[PDB]
């Protein structure tokens, strides 16, 4: 028996691992997506799994090994047959937990003896021997296939600041979420500003976020927000908004991260600021000429804005205070869900890219794996999908 394993050439650490896949269906096999490192690579055996036991594809199995100790199996009922269509499975791996998801919904959290060694991303399909109680016995049916549409890994941002300010009008339910994530649900408010970011901003920072939810019902801004002191200046890089587009005195424009922004300035007197709730300071703005798409990864190269501002005579303070990816609102209702992240590894799997992936070939895992890995069983379909096969002879 011949089986298939596709594995990354690089190693990856803590962060969110997502895959879109359709597992094979048959007694005695497994289709999976997992991270792995072990003794053959000079490390302890640290692995995090997503496994579909072909005997019953209406279930998914989650597991993990740390220093070679597994025993963390959690089987969950899916509510659909995973073999009948593509679905997104994922696990967020951090030092104190692992959270697994199905089509974006949280289904299981683990906290005991979590792995810590960066591993490779892997995907395999195989038939077992000696584990009939676990997989059912394999009946030789072939060929069988497991398909994967895309793989994505996003590393941590290291945001250290949480901002949750409301003027007291209406309701602002802000949620300080895990890592760089936050969400806000608001109802008929006065003014507020909620966001995650950094305690000390920087003119060189590159902010990467994703707004999984951007649904202002009225005046809301999805915006890089921060301050400087010496002098006191509040700045904004607005990517999207609600029913009102912020403007002021026009200075010019700046092209950055695929968008063009209008640059403005506005002055403020007697309003809440970081140096006291009744002060006098300017606001610097970059406002996108049209709302940025949300729901996907977006980058704000803050230095291009700082520089274009410098160029139009707008210079910032030298005492840098907080810097966040915010949701601000006024006299409105809405929801927002935003994640600030570190870096993304994106693989569309449209074909075999030999710099970032390798096809296991010419050897068997032995043990319960009753098959040899073959690069010939790792192919790409026309519609740009990884197709893993289990064949015989």
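Positions refer to the first chain, counted from 1.
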Legend entry - Stretch with the greater mean C-alpha B-factor as recorded in the entry, comparing 152-160 against 262-270: 262-270
Legend entry - Per the entry, higher mean C-alpha B factor between 184-192 and 78-86: 78-86
Inset, instruction - Compare the CA B factors listed in the entry for 223, 297, 286, 243 and report the winner. - result: 297
Legend entry - Deposited CA B-factor, highest of 129, 249, 311, 176: 311
Inset, instruction - Divide the modelled residues of the chain into thirds by Cα B-factor and specify which third, lowest, middle or highest, holds residue 42. - result: highest
Inset, instruction - Classify residue 376 as lowest, middle or highest third according to the C-alpha B-factor given in the PDB entry, relative to its own chain. - result: middle
Inset, instruction - Determine, from the deposited record, the chain-internal third of the Cα B-factor for residue 347: lowest, middle or highest. - result: highest
Inset, instruction - Using the B-factor values recorded in the entry, state whether the Cα atom of residue 317 falls in the lowest, middle or highest third among the modelled residues of its chain. - result: highest
Inset, instruction - Select lowest, middle or highest to describe the third in which the CA B-factor of residue 278 falls within its chain in this entry. - result: highest
